[PDB]
Structure formats: C-alpha cells, structure tokens
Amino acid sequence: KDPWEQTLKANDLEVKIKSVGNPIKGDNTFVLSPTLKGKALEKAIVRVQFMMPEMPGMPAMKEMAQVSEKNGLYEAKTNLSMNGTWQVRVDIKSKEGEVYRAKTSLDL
C-alpha cells in the first residue's frame, strides 16, 4: 500500500518522485519535486518517459507522460498497461535553458 518513492540527483538538481498510491496496471500519476539548493524549480520544462521491452531484442514499449506544473511540482500522468520493470527517463530544462537528466526504474 505504500507508494513508490525515489530520490534522484542530476548534477546539482535533486528530483524526488512519488507515485499516487502503490502503482498497479493502468492509469498512474507521479509527482516530481525538483529542487536546487532546496528551492523548487519553477517554470521548468519537465518530461518523463516510461520504457519496457516485452522481451529482450524488441523495441521497448514507450509511454510519454503528460506533465503539468503544479506551482514548482510537476504532475506526470501515464498509462502502464503491463506488469514488469519499466525504465524511467527524466528530462528537465530550466526556464533559463539549462538541461538536466536522470534515469531510474519502476517495478510494476
């Protein structure tokens, strides 16, 4: 019942990600909290993709999350239609144009 939570670091940017509920197949929502020196990164462009191959050697199924800003937090909505391990790529551009990248994974 505990949600999925992961802390990432991309250069000096900290990004905590927290799912809404314990993720099961279907619609899922993840809240991202990017901070620099403890201050929320506002007006950033935040992109989140989920990737899983059905078998090794196949091109991965790839889900692009729909991301919206909630006042320095970012809500990423996606549909994960099968169980397994999903790779997660987080791509963030600050308002001024600085690019940050991090990756993790989610077991569903």
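Counting begins at 1, following the sequence as shown.
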Legend entry - Mean C-alpha temperature factor, higher of 61-69 and 33-41: 33-41
Legend entry - Entry-level comparison of average CA B-factors, 10-18 and 80-88, reporting the higher stretch: 10-18
Inset, instruction - Comparing against every modelled residue in the chain, figure out the third that the C-alpha B-factor of residue 102 lands in (lowest, middle or highest). - result: lowest
Inset, instruction - Tell me, lowest, middle or highest third: where does the Cα B factor of residue 48 rank within its chain? - result: lowest
